[PDB]
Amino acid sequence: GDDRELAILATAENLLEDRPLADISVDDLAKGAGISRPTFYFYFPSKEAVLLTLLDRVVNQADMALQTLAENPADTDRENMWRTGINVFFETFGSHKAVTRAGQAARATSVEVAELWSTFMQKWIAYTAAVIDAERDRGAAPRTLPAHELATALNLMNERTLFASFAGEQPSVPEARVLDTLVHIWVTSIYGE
């Protein structure tokens, strides 16, 4: 039941490795899921709601992993705490690159994709700013920019850089170098005076 639903999601994610949402039909999704076209429409109002759900699941998987990290701190130096947190996004979205690239293209046309994006970007920026403020209160980082504006620009940087890398856009940081590159920019901008 939820079984046919998972099959429809697994098929869309496999086909999105191969072509854009525009070149995938509902019949392709039903064919791969082993169901009819009207049975598809029982589970999803459209192929776009299928993308929306896949993106929702990827975003919630990152959010949950971050929640886990936050509750039980990886005890390590400061550099490593930031590395570990950015790696959540690198590994989560990096394990679903076709969803990430399709979700990105859809932010342009879909009001629901734009809102899901915006809700989670705000949540992760607020968390990031809470960590920078924690570090400033303990005296580990200087009071330079407003924490919240710093956290917005660093999160936007990661979103754009991670996503260019995963799509291999011209130009982009190679995926094997993108984590070191981001952590250097984060640690220097947060701790630097």
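So that there is no doubt, residue numbering starts at 1 and follows the sequence shown.
*Asks:* If you average the CA temperature factors as listed in the entry, which stretch comes out higher, 171-179 or 12-20?
*Replies:* Stretch with the higher mean C-alpha B-factor: 12-20.
*Asks:* Which has higher Cα B-factors on average according to the PDB entry: 152-160 or 52-60?
*Replies:* The entry gives the higher C-alpha B-factor average to 52-60.
*Asks:* Based on the entry's values, in what third of the chain does the Cα temperature factor of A130 lie: lowest, middle or highest?
*Replies:* Middle third of the chain for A130's C-alpha B-factor.
*Asks:* Among the modelled residues of its chain, does the C-alpha B-factor of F166 lie in the lowest, middle or highest third?
*Replies:* For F166, the deposited C-alpha B-factor lands in the middle third.
*Asks:* Lowest, middle or highest third: where is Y43 by Cα B-factor in its chain?
*Replies:* CA B-factor rank for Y43: highest third.
*Asks:* Grab the CA temperature factor for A108 from the record and place it in the lowest, middle or highest third of its chain.
*Replies:* Highest third of the chain for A108's C-alpha B-factor.
*Asks:* Taking the values exactly as deposited, rank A74 by C-alpha B-factor within its chain and report the matching third: lowest, middle or highest.
*Replies:* According to the entry, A74 has a C-alpha B-factor in the chain's highest third.
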